[PDB]
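Asker: so I pulled this structure from the PDB, and the sequence comes with it:
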Amino acid sequence: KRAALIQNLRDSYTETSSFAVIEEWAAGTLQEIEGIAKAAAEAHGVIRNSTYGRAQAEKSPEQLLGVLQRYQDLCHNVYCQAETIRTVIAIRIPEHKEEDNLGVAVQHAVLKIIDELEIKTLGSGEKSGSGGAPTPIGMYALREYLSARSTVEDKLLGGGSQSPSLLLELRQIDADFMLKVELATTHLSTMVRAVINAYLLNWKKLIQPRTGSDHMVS
Amino acid sequence: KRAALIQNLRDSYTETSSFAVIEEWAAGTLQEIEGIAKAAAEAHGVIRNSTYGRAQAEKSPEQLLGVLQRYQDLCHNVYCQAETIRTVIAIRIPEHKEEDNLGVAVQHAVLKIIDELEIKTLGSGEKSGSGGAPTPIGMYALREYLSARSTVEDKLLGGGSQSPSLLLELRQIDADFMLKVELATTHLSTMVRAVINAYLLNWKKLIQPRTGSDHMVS
Amino acid sequence: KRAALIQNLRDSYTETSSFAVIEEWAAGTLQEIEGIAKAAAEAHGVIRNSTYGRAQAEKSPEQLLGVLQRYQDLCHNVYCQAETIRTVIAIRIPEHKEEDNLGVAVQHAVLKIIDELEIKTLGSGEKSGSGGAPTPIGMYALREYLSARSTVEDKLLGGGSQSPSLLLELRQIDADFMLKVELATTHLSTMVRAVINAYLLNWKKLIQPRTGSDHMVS
Amino acid sequence: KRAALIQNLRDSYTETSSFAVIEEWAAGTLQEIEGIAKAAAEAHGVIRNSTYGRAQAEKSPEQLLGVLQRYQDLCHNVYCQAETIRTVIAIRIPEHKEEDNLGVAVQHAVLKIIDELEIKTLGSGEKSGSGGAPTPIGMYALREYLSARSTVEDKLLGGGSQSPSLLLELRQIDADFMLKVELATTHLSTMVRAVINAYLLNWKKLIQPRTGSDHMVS
Amino acid sequence: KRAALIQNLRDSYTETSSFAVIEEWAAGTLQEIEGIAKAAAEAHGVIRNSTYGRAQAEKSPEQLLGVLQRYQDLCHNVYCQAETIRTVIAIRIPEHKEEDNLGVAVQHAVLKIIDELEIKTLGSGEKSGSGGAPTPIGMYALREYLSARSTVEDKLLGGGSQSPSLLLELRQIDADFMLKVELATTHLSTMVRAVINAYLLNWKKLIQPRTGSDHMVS
Amino acid sequence: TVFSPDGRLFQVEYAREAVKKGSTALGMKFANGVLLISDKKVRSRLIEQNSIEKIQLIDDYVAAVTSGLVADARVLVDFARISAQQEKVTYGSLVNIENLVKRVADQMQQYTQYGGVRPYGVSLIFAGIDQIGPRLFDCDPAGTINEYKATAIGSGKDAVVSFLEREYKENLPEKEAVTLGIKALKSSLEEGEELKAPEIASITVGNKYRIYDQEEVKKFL
Amino acid sequence: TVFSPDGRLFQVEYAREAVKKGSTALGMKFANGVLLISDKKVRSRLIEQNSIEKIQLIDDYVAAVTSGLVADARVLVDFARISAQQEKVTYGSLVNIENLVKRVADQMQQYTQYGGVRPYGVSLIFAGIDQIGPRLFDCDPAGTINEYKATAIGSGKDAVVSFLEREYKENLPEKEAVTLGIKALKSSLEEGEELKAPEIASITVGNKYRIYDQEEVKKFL
Amino acid sequence: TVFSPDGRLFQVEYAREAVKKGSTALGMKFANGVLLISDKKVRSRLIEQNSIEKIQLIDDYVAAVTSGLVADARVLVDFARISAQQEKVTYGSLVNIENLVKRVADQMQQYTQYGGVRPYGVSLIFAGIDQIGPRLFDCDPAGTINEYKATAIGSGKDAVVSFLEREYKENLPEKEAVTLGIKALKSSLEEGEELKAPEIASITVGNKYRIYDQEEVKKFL
Amino acid sequence: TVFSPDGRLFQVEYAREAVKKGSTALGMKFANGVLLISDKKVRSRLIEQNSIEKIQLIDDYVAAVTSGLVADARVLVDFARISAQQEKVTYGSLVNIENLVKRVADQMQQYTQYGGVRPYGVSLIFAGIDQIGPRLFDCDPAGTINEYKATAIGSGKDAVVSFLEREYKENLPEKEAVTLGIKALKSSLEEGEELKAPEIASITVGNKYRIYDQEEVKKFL
């Protein structure tokens, strides 16, 4: 039975499922994001005050790896949570029509900003579109950092390079990756707050985009 | 409870939070930008009056590094301040409707200019879009400079290159990076002034995009 | 006081500030451009008459460096002067409305041609857009020239290359960069003349895009 | 004085300046292009009837260099002449309005086809846009030719390559550059003839896009 | 005199000039294309039936070179014939107006399909646009083939690569270039036929896009 | 006002949105009678309380309440008054109230079919006594009519109808009917919001309408 | 003028924006009477003052003050004057001012429902004495009416109404009422501002209207 | 002509742009009198100067000058002339010129409210003598009226008005009023433009209008 | 026909473009008289030239010549002929030709203000003798009128007007006025082109119109 299949979907992902995400985002998530930003700022100050030599090429800084790992773990959680909201809305997009689409337009508008969150803000895709990648750093933060650092390490370690700027570039990678976490957490917090507002103002039409009342006909 | 969640967002990021940014931008920020521009111009004059030999490849010029660091520090602050303004507006975008959107248009208009500031003017993203990178230099200026300089340094220092143009290029990298800071500070100051004016002219609709007064019905 | 903040901005960049730029453009700027184009043309004629060997890979021609430097200096001045005009207009864009936009359209149109000057004609950005780079040479022409020549020099100097076309390519780089200055100065002159005309025809609405005369009421 | 500044511009570039370009284009220019096409065609004929060996890699063929130089010189002149017409039109674009723009549309239309000539047909920009490079060769074809040939020369001359097809590709570079001149000359002549027609049909509105005659009011 | 310059233009490229091309395309051109297709298939059959070893890297196959050369000559001719039609139309595009453009629309529509023939079908440009290169092989197919083969030859000849797929790739390059000629000739014949039809149905408006009869006024 | 592909008149549906913004009003039939109760937005001590009533007498035996655009509603009440007088002059009496309601509804329907005019943004309840008995009708922007034992209009319509659908009994004494009506109306009010002296009017067979004075209403609060 | 999906008439809401731009005026009831006060956008000694009349007599017992599009307002005042005369000829007097205000409001309502016309960009306050007593009404572009003890129209409406909401009391002596009114109007002015001489008119039961002369107005400033 | 979201009628504002292109004209009151002066864009020795005058008598006691669309202006002057005669036939005289100006203004107001027509692109000054005294009014495309001691219309309005705000004195002798008027008009001319001979008309209480001939106007140049 | 933001009526300006395409015609006053000359677009030897004349008698004392849409022009000439007869029946004569011209111009003005019609694409020159003397007027698609000593309409207007501004003298004898007019018309044919026999008509005070025949016109060529 076709109605049964639709009802099973909708019973499995209800307004409660999406509201629970929003509740968690408004509390613990924003607080965790702020925590990551402060840890990044602390690591950034430490690097700013450091003089680098060849020994800095011989070890990957644990403090920075920890900050990047925490950022990646949070982004993983937010992505999965955003998919829950997406699912709740997308399984309630109604029969396709050329009329009575005021609530459908609300559904598409909120899905658009959740897509922006997942794709642009979190940088979760394999490749960025023609729009580029507006987030300072994307989800796969550790890989990005390790890739950039490893290249400079190989050049410095070997005879190792004698370029003075290349050694400063090693320090700058360390500094810039913490800066990028600081900027990205800030940008993400804006997005998460914007989604909380959009969801809570629009949720009635997100769940029930069309309201029945054929009072004109008998 | 839903209204409480929305009220907590809006209480946390108020018109006073955004106005406080604009006040800072109008005074201290523009002053710091001016200061950096002067420091870049001074550094540029010093390089213009120099002859380069292989010794210039053995040391990274600390005066240039300081100018670039100061610019990056300023960009970081402006980025985070911009996000405060973005948040104040974004959490007050009202219920999605096909009517009564004149104030919503104002919100989108000011968000668009703040987006241009953060993405294009500050060059804060991981990758620029199809529209290119119109700012002479972005946030990660130091990294850009060190990467460009190290390449030439490695070539000059080795089997060190005997190309006469390669040596002049080392100088031109030093010169151009200072020029780019002079140009970018100018360009940035224009955007910041434009945003001050846009905010102060539009702030009532940014905060309250819809005004109630349904007198027609009883 | 918000009005005061706006007034301070507008008092610091007045129509006099932008008019002073246009006056300089109409006179000294176009004259300097002309002088650069003549200098580029003499250098090109000298190179056309030249036969090239290994000695030409051993020295970077100072006459060409001088032409390119002069061109960069001019571009720098024009950029910064353009930003003054941009500032004068942008801080007078009025409250966002869906009506009474005939003067606002004037402000946007003149801002658009100043943006084209800065971004496209001067090539001031760090990456050109999907539109490409229509100007024959941009702001960082000297670095462009040094980069291209250094590559060919290293190849010729070494066991040096035995390619006869590589040696003619060295000459052609020298020739083409001078041709590019001749072309770019011409192109730039047209744009500057177009902006002088546009500013002087539209300045009243640029400063005062809306005129209050609410005579229908009381 | 503002009116004087505009009059000085318009006095320096008049309809005579642009008509003089058009007269020259209709006569000497088209003849010079025809001459280049025939010089290209005969040089192509020579290469076709040639068998290439290692010797052909040891000298760059002077006849082909001369054809390409000639084409470049012609492109240079056409570019500078096109900018004269652009100047004549652009300094007569009138006050920005939302009405009375029928003549303004003529100005923009003719400017568009002259921009196509300069950017696309002549390939004068440093980078082509997303529209690609539709012209068979551009303004820097000599440099294009020398680069391409130099790569293949180096591979052939050395421990020089034993590839039979590499030798044939040396010939094909020679042949194809001549063919490209034959094609580009044809393409350029079409565009030149199209601009002669457009200019002569539209020149009155190009100079005077608005005609006064306010008879309705007193 | 202006009218005389236009008349000389139109007298030199008349409807007869364009009709003569269409007559040639309808007859000999399609027959030559058909000839190339057959010769390509024949060569393809020969390669399909061949086992390749190192010996095939030591010589470039004259039969395939002949087919590719014949295609290039045909494309060269078609390109120049298309430019004749282009010219006949472009020099009769009338005074730019905002009305009486039904004929002008016909001119732009036929110019569009001739442009597609020259740029896309024949692949005549130096760089393809964002629309890619939809033709199986373009005008510089001989250079494409030699390039591709010479890379593989060098790897095979060295000591030589022991890659089994590299050896089969040599055969595949030979086969695929003949296949591409078979496909491109087919695709070209479709375009040519489409243009014959479009010209012969539309020629009256191509020559005379506007028709006078202002009987309404006296 | 034209048809959508699905056969809807959206301009009429939108008129119905104006109606939902109005103050809640209800009617119910009881033993040998019918009554109306109307909630009011009174927002300012500077307003004259006693004026611009929600319950409007059409004649001595028929009353109306409305919800929606108040100026539109005034026009329709004026129309209903004049139409009732025309019937009385023609025949000497108004035998069946349904026919007056139909005339008003026909005026509304016309403004959904002809171009050059927008629909009235009004719903009405009519209540009175005629030769058939006590009558209670509603009428919406489309000119759709229904006859009822009890009904409501305005923002609180749904809650009031829900309440009456479970609590309403036919043929109650007037006092018990009013009590029930007040209770239903209170059920539609938001959490912690209390009811500020509604309008009440009733009529019983053989009598003319009575409007409840301020003091009689309070006795039910 | 058609309905939006939320049931709104935006063209009427826009007409209401025109009214917000008009000069500030107020009315208030006092012991056995009613008064009107109007501020005036007087700018230029070249203007004739005597010819300015923001307070317009409708008849000897009824006056109006308007805000918004001035030419529209003149048309509605002319309409009200003729309508008042037609009633007086028909019945011999005007028993209840509310009926006149309703006819003016019905004219305005019509221009919000029929195509081919725009609404009037006007709000009016009517004040006078009829058989009920002293009356004070306002009327807006929709043709919505309300009766008030005190009210205001024009750009300073919100400030004046807030002031009166706090400070108004019923049955003041005329002098005290006028004093209150002046203070209310003064409160609506911006940073460091008079307040030139406004127009004042009052009427008490059993008398005709009086217009305060420039010199009697000065006493309150 | 409909309302923008800010409550503006852009088609009326645009009509006011047409008025700004017209030749400058002014009026001023003086001791027991009123005068009009009009500049003219005389453009060819081939024109008859004495014809299609800017100052037009409405009757012996009332004259008008206009600025804006000249054909529209003629229609409105024709209307004004006929409306004056209707009033004279009905009552025997025209007691108050303001009522005539209002009738013209109402005609203009109508063309801003009804679809199917555009507004008149005209401003007018009316000046004359009635039972109240010397009168001076202006009227704009909206039908907005003001009464003045001195005023101006057309391209040079702002300069003329600024000049008068400083220099105008009441109760001047005619000759001194004319001199001041000429001075005011000159103050509005662009860099070294010369006033070549305006029209002048004046009226004093108890007399009919006087139109100055060219030779008398010259004595003021 | 509505206003652009700059206060222009583009539909009227466009109608004026149709007039610019018409054949050149001119009028001039001379010693005790006025004349009209019209060029014609002779566009086939198969046309009867003696028919559908550019110069049209309105009555014995007044003629017109037109440029622009020929069917529109015929309608206006028909209107002018009937309007002249109406005046003659009402008063016994036509005292001032200006009033006839104004009636025609008013008809044209109306078609620039009312929706559902387009303007007439016509300019006219009227010339004749009335009680004032010899008169020469023009009238354009807006209904704008001017009186002239000499004027022209049609494609050659600017050249003919330039010529006359330099060469025109008042009070020439008829033969000399005609010579001048022929010479003026010839100068508007810029390239080496021949003037075919134009239409010529003239009138002097005390006489009726006369139309120059084929041979008398030739005497000036």
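Answerer: It's in. Residues are numbered from 1 along each chain as shown, chains lettered A, B, ... in the order given.
Asker: Three-state assignment for residue A:138, please.
Answerer: Assigned by DSSP: H, G, I helix; E, B strand; the rest coil, the conformation of residue A:138 is coil.
Asker: just to check, it is in contact with residue A:188?
Answerer: No: using C-beta atoms under 8 Å, residue A:138 is not in contact with residue A:188; the gap is 10.7 Å. All C-beta atoms are positioned from the backbone trio N, CA, C, and that covers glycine.
Asker: between those two, what contacts are shared?
Answerer: Common contacts of residue A:138 and residue A:188 (C-beta atoms under 8 Å, 6 or more residues apart in numbering or on different chains): A:75, A:122.
Asker: so how many other residues sit close to the closest residue to chain I within chain F?
Answerer: Taking C-beta to the nearest C-beta, chain I has its nearest neighbour within chain F at residue F:116, 14.8 Å off. By other C-beta atoms under 10 Å in any protein chain shown, 9 other residues sit near residue F:116.
Asker: so what's it closest to, chain neighbours aside?
Answerer: Once flanking residues are discounted, residue F:116 sits nearest to residue G:115: 4.4 Å by C-beta to C-beta, 6 or more residues apart in numbering or on different chains.
Asker: again with residue A:198
Answerer: Residue A:198 sits nearest to residue A:110 (C-beta to C-beta, 6+ apart), 5.4 Å away.
Asker: what's the spacing between the one you found and residue F:194?
Answerer: Using C-beta to C-beta, to the nearest Å, we find residue A:110 at a distance of 36 Å from residue F:194.
Asker: who's more crowded, these two?
Answerer: Using other C-beta under 10 Å as the criterion, residue A:110 and residue F:194 rank with residue A:110 on top: 22 against 8.
Asker: is the more buried one in contact with residue A:200, as I believe?
Answerer: No: with contact defined as C-beta under 8 Å, residue A:110 does not reach residue A:200; the gap is 10.6 Å.
Asker: quick revisit: thought the residue of chain F closest to chain I was touching residue G:117?
Answerer: No: at 10.4 Å, residue F:116 does not count as touching residue G:117 under the criterion of C-beta under 8 Å.
Asker: for the helix of greatest length in chain F, which positions count as buried?
Answerer: When every helix of chain F is counted residue by residue (DSSP state H), the longest turns out to be helix F:70-91. For helix F:70-91, burial by neighbour count (16 or more other C-beta atoms under 10 Å in any protein chain shown) applies to F:70-77, F:79-81, F:83-84, F:87.
Asker: between these, which is nearest chain D?
Answerer: For the buried residues of helix F:70-91, the closest approach to chain D (C-beta to the nearest C-beta) belongs to residue F:71, at 37.3 Å.
Asker: now chain A against chain E: closest residue?
Answerer: Nearest residue of chain A to chain E (C-beta to the nearest C-beta) works out as residue A:130 at 9.5 Å.
Asker: how is that residue assigned, secondary-structure-wise?
Answerer: Per three-state DSSP, the secondary structure class of residue A:130 is coil.
Asker: not counting sequence-adjacent ones, nearest residue to it?
Answerer: The shortest distance from residue A:130 to any non-neighbouring residue, by C-beta to C-beta, 6+ apart, is to residue B:130 (4.2 Å).
Asker: roughly how far does that neighbour sit from residue E:130?
Answerer: Distance of residue B:130 to residue E:130, given as C-beta to C-beta: 9 Å.
Asker: how many neighbours does the residue in chain A that chain B sits nearest to have?
Answerer: Proximity to chain B, evaluated over chain A using C-beta to the nearest C-beta, is greatest for residue A:132 at 3.5 Å. Residues near residue A:132, counting by other C-beta under 10 Å, number 19.
Asker: tell me the contacts of the residue lying closest to it once chain neighbours are set aside?
Answerer: In this structure, residue A:132 finds its nearest non-sequential neighbour in residue B:129, 3.5 Å apart by C-beta to C-beta, 6+ apart. Counting by C-beta under 8 Å, 6+ apart, residue B:129 touches A:130, A:131, A:132, A:134.
Asker: any figure for the gap between the closest residue to chain E within chain F and chain B?
Answerer: Ranked by C-beta to the nearest C-beta, the top residue of chain F for proximity to chain E is residue F:115, at 31.9 Å. Counting by C-beta to the nearest C-beta, to the nearest Å, the gap from residue F:115 to chain B is 22 Å.
Asker: name the SS class of that residue, please.
Answerer: Counting by three-state DSSP, the backbone at residue F:115 sits in coil.
Asker: and the residue of chain F found nearest chain H, backbone torsions?
Answerer: Taking C-beta to the nearest C-beta, chain H has its nearest neighbour within chain F at residue F:116, 10.5 Å off. Main-chain dihedrals, residue F:116, degrees, to the nearest 10: phi 90, psi -10.
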